[PDB]
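For reference, the chain that follows is the form deposited in one PDB entry, supplied as structure tokens.
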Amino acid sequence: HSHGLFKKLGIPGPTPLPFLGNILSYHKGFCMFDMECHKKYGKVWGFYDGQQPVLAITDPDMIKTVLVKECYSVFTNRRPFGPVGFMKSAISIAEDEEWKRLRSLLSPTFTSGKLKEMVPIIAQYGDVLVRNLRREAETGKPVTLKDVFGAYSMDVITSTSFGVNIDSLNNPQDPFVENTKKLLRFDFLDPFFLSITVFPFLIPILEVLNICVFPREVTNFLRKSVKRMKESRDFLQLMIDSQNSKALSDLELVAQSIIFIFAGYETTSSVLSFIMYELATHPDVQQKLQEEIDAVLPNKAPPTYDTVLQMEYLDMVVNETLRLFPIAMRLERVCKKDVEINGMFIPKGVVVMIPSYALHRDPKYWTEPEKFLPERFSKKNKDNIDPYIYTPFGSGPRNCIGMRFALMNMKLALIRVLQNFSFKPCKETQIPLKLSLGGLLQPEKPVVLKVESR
């Protein structure tokens, strides 16, 4: 509404400009902005994404109330996105009862057991990753990990979310890979998304203008790939089985499968790149992990679902990387009605934000927060960690529904990569690594390392 909201409410924060709000402070990035507001304004602060008031919180008792306790009542949705079109039936886009329906219809799909049946599919794609990484190893040149890791995550998310085993997509150009690489190029963030927050009044203009985020041609191609696969009779196989049992629509099923591709693409690759950078800069950790990988899996044994859940240091290396690098950076909930959370009034429409990046590097909960130290997640130090400060996958009923799949997908990759390759930085390697100023938290310069046969 007005810019005097947090002023009248007595909530500290940066002074906004008349129409821009606090967007000019974003030239440093979402992460550096949140940490600056944390050190300056203390626990709770407020800013304006143009005209939208945003209230940031830090108290874990208050974060739990927003994410867990009062989720279904008030903080059920996130800030409405831009021109969604038919993707309104996406679980990340859906709101209120429509989302609660889609969340339940897809909840049995991401279960331990249903994920256990997908591991033989994901592991087979780790083999293609090992062969393609050894290819750039023979050239004796520093490997750009974004290519190999970006290919693996794309190959896994496509076969799991569409059944089609596209196998090597580093070079082959299946009509699926053609439309997939085209559709996965429709999310450059900066186009519209940033300016949408300044002018949310332009969102309804673009929706009626028939201009959508994903080109309908690729969408039409994705529909045939579902119908032709449906005409033949693993994410699509589990949602089709849900159809044969408020039911689940066929158009809705397409939108949900598209979300899984966007969700698990740059996220899985970035983390896999963030991890290998830390394994290279801290080779004492990489060696200790390879010893555990070879102990649980001798002679480059295949990674089993149960063995991955037994490798403990692998779990510690992934968790410590996700602390230093929360890909989402923030969690956001829209206040649906005037409420008082743990002794603070939040009016209707205000977006409540949790600076995950700032909390993951807050010196109160962490010691030497900037140094990569996997032992923070040891068995002796696993209990004193607040699950509402460390939220790389969010929390509450609206958390990352693809968390178990993502961690398994990435751990299966690291096994076959570490049990066959060693990683050391080159001259082009960025020390210290710089973070991207975009909206996904990526390595500023792509991770450039060297690989060995071992």
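Heads up: residue numbers just count along the shown sequence, starting at 1. Under this definition, the rigid core comprises the largest set of C-alpha atoms superposing within 1.5 Å between the forms.
Compared with other PDB entries of the same protein, residue 299 is present in all of those that resolve the residues around it, none of them, let alone a third, dropping it. In all of the other compared structures of this protein with flanking residues present, residue 375 is modelled, so it falls below the one-third mark for missing coordinates. Where residue 112 is followed by residue 113 in the displayed chain, the model omits none of the deposited residues that would sit between the two. Coordinates are absent for 4 to 9 residues of the deposited sequence placed between residue 233 and residue 234. Higher mean CA temperature factor between 74 to 82 and 136 to 144: 136 to 144, per the PDB entry. Remark: stretch with higher mean C-alpha B factor among 155 to 163 and 273 to 281 is 155 to 163. Out of 185, 360, 330, 116, the entry records its largest CA B-factor for 185.
When the C-alpha B-factors of 309, 346, 247, 263 are read from the PDB record, the largest value belongs to 247.
When the modelled residues of the chain are ordered by their C-alpha B factor, residue 49 lands in the lowest third. The deposited CA B-factor of residue 399 belongs to the lowest third of values across its chain. When all modelled residues of the chain are sorted by CA temperature factor, residue 59 is found within the middle third.
Placement of the Cα temperature factor of residue 253 within the chain: middle third of the modelled residues, per the deposited record. Ranked by C-alpha B-factor against the other modelled residues of its chain, residue 210 falls in the highest third.
Separately, the form deposited in another entry exists; it is not shown, and the next lines address it.
Measuring CA movement between this form and the one not shown with the rigid core aligned, the set 336, 182, 288, 131 has one residue at 2 Å or more: 182. With the core held fixed between this form and the one not shown, residue 349 has its Cα displaced by under 2 Å.
Remark: with the core as the superposition reference, the CA shift of residue 324 between this form and the one not shown stays below 2 Å. In the core-superposed comparison between this form and the one not shown, residue 372 has its Cα shifted by less than 2 Å. Distance between the C-alpha atoms of residue 153 and residue 185: longer in the other entry than here (change of 3 Å or more). In the other entry, the CA atoms of residue 145 and residue 178 come closer by at least 3 angstroms compared with the shown structure.
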